[PDB]
Amino acid sequence: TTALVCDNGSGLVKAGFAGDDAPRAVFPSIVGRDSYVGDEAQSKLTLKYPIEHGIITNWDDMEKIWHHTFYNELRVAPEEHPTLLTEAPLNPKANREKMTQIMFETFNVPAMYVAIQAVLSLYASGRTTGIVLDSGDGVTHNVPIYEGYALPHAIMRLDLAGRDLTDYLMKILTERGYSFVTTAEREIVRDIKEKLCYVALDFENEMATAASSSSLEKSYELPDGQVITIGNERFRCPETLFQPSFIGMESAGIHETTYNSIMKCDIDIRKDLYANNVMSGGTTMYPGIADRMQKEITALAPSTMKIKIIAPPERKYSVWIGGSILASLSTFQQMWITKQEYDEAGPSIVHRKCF
Amino acid sequence: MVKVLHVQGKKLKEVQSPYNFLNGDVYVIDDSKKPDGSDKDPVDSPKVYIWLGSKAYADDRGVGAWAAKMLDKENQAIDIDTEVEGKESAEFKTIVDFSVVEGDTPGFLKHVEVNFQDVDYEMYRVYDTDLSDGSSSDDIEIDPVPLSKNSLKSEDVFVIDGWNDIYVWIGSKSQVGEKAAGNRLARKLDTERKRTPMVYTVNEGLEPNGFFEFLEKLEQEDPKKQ
Ligand SMILES: Nc1ncnc2c1ncn2[C@@H]1O[C@H](COP(=O)(O)OP(=O)(O)OP(=O)(O)O)[C@@H](O)[C@H]1O
Ligand SMILES: [Ca+2]
Ligand SMILES: [Ca+2]
Ligand SMILES: [Ca+2]
Ligand SMILES: [Ca+2]
Ligand SMILES: [Ca+2]
Ligand SMILES: [Ca+2]
Ligand SMILES: [Ca+2]
Ligand SMILES: [Ca+2]
Ligand SMILES: [Ca+2]
């Protein structure tokens with residue numbers, strides 16, 4: 001029987017079957033309240049995000065997401081499927097327990113496992129040691145990993161990701177005299193961001209280029225036929241990841257959190273981390289980000305240090321794809337919590353079996 | 001003395017000399033056990049290497065990395081290293097003699113039809129393969145060709161897909177059916193992308209000022225060279 005893989009994000013649910021090369025269900029992690037989930041809620045209520053900055057904070061709404069995933073999207077009977085779930089770095093112990101209790105007591109799954117998202121990405125890249133930069137819709141993490149285990153004392157978190165870049169692009173386009181209010185319009189700005197934005201290798205040089213010619217300008221045709229043009233907006237928007245002061249956040253950019261994370265780790269593994277930076281998550285998809293990160297880390301690191309940024313082309317779904325691969329291997333499923341073990345031990349079993 | 005394992009789908013299969021690593025595949029080199037088959041003394045630094053072919057996809061990589069974790073799980077003194085095709089460490093290069101050959105065992109993941117919708121660039125040649133039959137519209141083929149001024153040929157039509165900008169380049173010696181098919185391909189790509197792209201049809205020798213600079217950047221910047 002085929003295991004299920006559900007990768008629950010702040011912004012999007014990614015769900016499907018172990019053994020597929022991509023999730024078959026991708027939909028917004030939204031609930032509107034008696035229940036509208038996903039695109040059905042974002043067109044119809046008060047909408048709540050059950051997952052905030054990667055951690056589940058609304059358990060009634062999360063149950064409903066999982067319900068919608070099982071019965072409406074995947075159309076499966078959850079009692080017939082072992083289920084791999086993912087969790088954020090630094091997930092509180094009580095959260096993993098509640099996740100385990102809901103899977104067994106509400107949905108009656110035969111077996112389950114909870115994996116750290118970044119760890120699934122690192123395996124998908126062919127590594128057991130390395131440091132993942134995971135940047136999605138709600139949160140960005142640096143997660144150093146040594147032989148398959150995240151090093152929790154060295155994890156760094158930045159509460160800035162794709163939704164904030166979308167909001168910033170919406171702000172600056174609105175100041176230029178465009179307006180985005182409709183469902184369409186907020187989704188139009190996100191589409192502009194994903195199609196036209198990129199990370200400058202040198203921000204000051206790119207600003208100068210944009211000030212002195214039109215060579216960086218791009219047009220975008222709206223659904224009515226009207227055309228939008230943007231120039232330095234294309235790279236100012238994701239520049240926020242390296243300078244969070246662009247949106248009024250006093251905090252380190254992702255190159256500094258990478259370096260800081262590496263520096264919290266044992267000096268003995270640092271050379272391995274520098275050479276094994278793996279990017280994952282939709283917000284790492286910008287053209288130029290890998291090269292910019294390489295340049296920024298090189299400036300921070302010792303001059304002898306070998307630096308490498310691994311940015312697989314499928315990395316927007318690396319977490320889910322890692323889950324789908326591992327949930328397919330017998331040796332991995334032997335590690336899962338069985339319905340019998342849960343009844344015999346309760347939700348606290350998750351700490352012994354899943355790390 | 002070392003044991004070398006080839007990822008084949010969700011399997012690990014042992015191979016013997018001569019070692020010819022396929023560049024689309026992943027090998028696990030087990031240097032953790034003494035001659036008889038017993039775990040090596042931690043003093044003797046038991047190691048497991050995961051060799052990643054440059055063209056290997058995530059399933060081959062994940063199966064190989066999980067297999068090394070399983071060897072480490074049974075003997076934690078093991079140190080795991082990942083080696084990348086063409087940049088192997090001097091030490092790994094000391095313990096296995098191997099060459100690298102062109103070739104790819106497909107991974108075990110089943111293909112699902114989902115568009116990742118991420119910035120990707122491509123150049124297509126649009127050509128009718130038999131003009132002796134009096135039609136340039138009935139034998140049209142669309143082939144990807146390298147993104148480069150070098151691929152442009154006067155005799156055919158080329159569609160340059162720069163994701164948000166799409167160019168239809170008309171060779172000065174190309175045929176009418178190739179122009180129709182070229183424009184139809186651009187229209188299909190524009191339609192798939194909710195019409196947000198800008199689409200231009202340009203003639204050979206009359207290219208807009210930005211055109212050849214744009215073709216160079218697409219080749220340099222193409223996030224998925226294939
Ligand atoms: N090609 C792209 N370029 C830029 N941003 C993108 C691209 N594709 C997706 N995104 C952004 O990535 C975000 C979704 O990414 P992801 O699924 O990794 O996040 P998530 O798991 O929901 O969030 P989190 O990890 O923060 O809880 C959205 O903000 C989306 O706009
Ligand atoms: Ca995520
Ligand atoms: Ca292969
Ligand atoms: Ca070990
Ligand atoms: Ca090592
Ligand atoms: Ca013909
Ligand atoms: Ca014919
Ligand atoms: Ca021709
Ligand atoms: Ca268009
Ligand atoms: Ca390409």
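Chain letters run A, B, ... following the sequence lines, proteins first and then strands; every chain starts at 1.
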TODO: Carefully, step by step, assess A:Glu296 and A:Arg292 under the rule salt bridge (charged side-chain N to carboxylate O under 4.0 Å, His left out).
DONE: CA-CA 6 Å; A:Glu296 298 295 351; A:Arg292 177 67 177 279; 2.7 Å; yes

Task: Verdict with reasoning, A:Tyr146 to A:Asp272, per side chain to side chain donor-acceptor pair (under 3.5 Å) - done: CA-CA 9 Å; A:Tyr146 174 76; A:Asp272 283 347; over 6 Å; no

TODO: Starting from the C-alpha separation in whole Å, work towards a yes-or-no answer on side-chain contact (heavy atoms from CB on, under 4.5 Å) for B:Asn164 and A:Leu196.
DONE: CA-CA 7 Å; B:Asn164 339 289; A:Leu196 291 196; 3.4 Å; yes

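For the pair A:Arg24 and A:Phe17, the cation-pi test (distance below 6.0 Å, angle within 45°) is failed. Annotation: cation-pi pair A:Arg163/A:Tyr49 present, NZ/CZ under 6.0 Å from the ring centroid and within 45° of its normal.
In this structure a side-chain-to-backbone donor-acceptor pair under 3.5 Å is present from B:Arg61 to B:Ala56. Remark: the backbone N or O of A:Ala311 is paired with a side-chain donor or acceptor of A:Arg315 at under 3.5 angstrom. Listed for the A:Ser125 side chain is a donor-acceptor partner under 3.5 Å among the backbone atoms of A:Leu122. Proximity of a side-chain donor or acceptor of B:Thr196 to a complementary backbone N or O of A:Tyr220 within less than 3.5 Å is not detected. Remark: side-chain polar atoms of A:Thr83 are paired, donor with acceptor, to backbone N or O of A:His81 under 3.5 angstrom. Remark: the backbone N or O of A:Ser121 is not paired with any side-chain donor or acceptor of A:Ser318 at under 3.5 angstrom. Judged by distance alone, with hydrogens and angles left aside, the side-chain atoms of A:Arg234 form no donor-acceptor pair with the main-chain N or O of A:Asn232 at under 3.5 Å. Using a distance-only test at 3.5 Å, with no hydrogens or angles considered, no donor-acceptor pair links the side chain of A:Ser29 to the main chain of A:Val13.
Among residues at least two apart or in separate chains, side-chain hydrogen bond (donor to acceptor under 3.5 Å, both in side chains) pairs with a member in residues 105-124 of chain B are A:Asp20-B:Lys110, A:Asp21-B:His111, A:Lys316-B:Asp118, B:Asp25-B:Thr105, B:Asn115-B:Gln117. The side-chain hydrogen bond (donor to acceptor under 3.5 Å, both in side chains) contacts involving residues 8-18 of chain A comprise A:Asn8-A:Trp66, where partners must be two or more places apart or lie in separate chains.
Here the two rings, on B:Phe214 and B:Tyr167, have centers that are under 6.0 Å apart. Aromatic ring centroids of A:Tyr123 and A:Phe332 lie 6.0 Å or more apart. Under the 6.0 Å cut-off for aromatic ring centres, B:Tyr49 and B:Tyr27 do not qualify, their centroids lying 6.0 Å or more apart.
Relative ring orientation between B:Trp169 and B:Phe158 is described as perpendicular, the plane-to-plane angle rising above 60° on a 0-90° scale split at 30° and 60°. Relative orientation of the B:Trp51 and B:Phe98 rings is perpendicular, given thresholds of 30° and 60° on the angle between their planes.
With sequence neighbours excluded, the residues that form a side chain to side chain contact (heavy atoms under 4.5 Å, CB included) with B:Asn23 are B:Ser54, B:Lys55, B:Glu85, B:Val100, B:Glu102.
A:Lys193 and A:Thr166 are linked by a side-chain donor-acceptor pair at a separation below 3.5 angstrom, with hydrogens and angles left out of the test. Checking B:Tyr127 against B:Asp143 by side-chain atom types alone, a donor-acceptor pair falls below 3.5 Å. With 3.5 Å as the limit, one finds no donor-acceptor pair spanning the side chains of A:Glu147 and A:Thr129. With hydrogens and angles left out, the side-chain atoms of A:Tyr198 and A:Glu206 include a donor and acceptor closer than 3.5 Å. Using a 3.5 Å distance cut-off with no hydrogens or angles, the side chains of A:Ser135 and A:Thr284 do not pair a donor with an acceptor. Between the side chains of B:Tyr57 and B:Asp104, no donor N or O sits under 3.5 Å from an acceptor N or O.
For the atom pair A:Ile192 CD1 and A:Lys218 NZ, the distance stands at 14.0 Å (nearest 0.5 Å).
Looking at every heavy atom in both residues, A:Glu314 comes nearest to B:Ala58 through OE2-CB, 3.8 Å.
Few gaps surround CZ on A:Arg186; more than 12 heavy atoms of other groups in view lie less than 6.0 Å from it.
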